[PDB]
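The chain below stands alone, shown as structure tokens; this is the form deposited in one PDB entry.
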């Protein structure tokens, strides 16, 4: 899957294959985060004791914005598969730009569930991957840099819905246009949903959490929890993206 060969990107099989690769990445990251306590204070906005002057948001928010300018600089978000958490806040870098040929429809960057993803990650995901419960007072930074990678992976994967969506739209334009004009939510949804694929996903994840999750000579990840997570969050939201993208697919 090459980003300057529109064809090799708008290929569903490929797209799924890439998603499969991400499974491990995401796993590895969860595994990492498991080492530290929950660290409530890190996600709590404007925490006294962790106040950063002229800045409003949570320790994590800060950490995430800083990092985003760093990645911003090495041209990260200039890429269609990369969508920033603090979008209206990054600057055009000091580096020639890779001129990625248009694959997705122009408004594509506007679709941005990071607000949701960040939220659900903090509230639903954290309790399931973190070990102890409480504030690990001198690992806030640690915890933070980790939450960020999880978050970025999570976002890449999830925001992949746009490609899938586009790819599918291609496969049957009349059918989709109809549904879209119709603003037929349930109709589109059931058409894009393929329970068989998502069925295999949940199965393999269980196996991976079992091998990677234990010292091969312990238990940094809970198989059932990972399923819970992908089932209740990862897969659901990817589909939200898919439909939202689809509706606006006939704009001017």
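Superpose the two forms; the largest set of C-alphas matching within 1.5 Å is the rigid core. Numbering follows the first chain given and starts at 1.
Form deposited in another entry: not shown, discussed below.
When the two forms are superposed on their rigid core between this form and the one not shown, the C-alpha shift of 2 Å or more among 144, 117, 164, 129 belongs solely to 129. Relative to the superposed core, residue 184 undergoes a Cα shift of 2 Å or more between this form and the one not shown. After superposing the rigid core, the C-alpha of residue 91 moves by 2 Å or more between this form and the one not shown.
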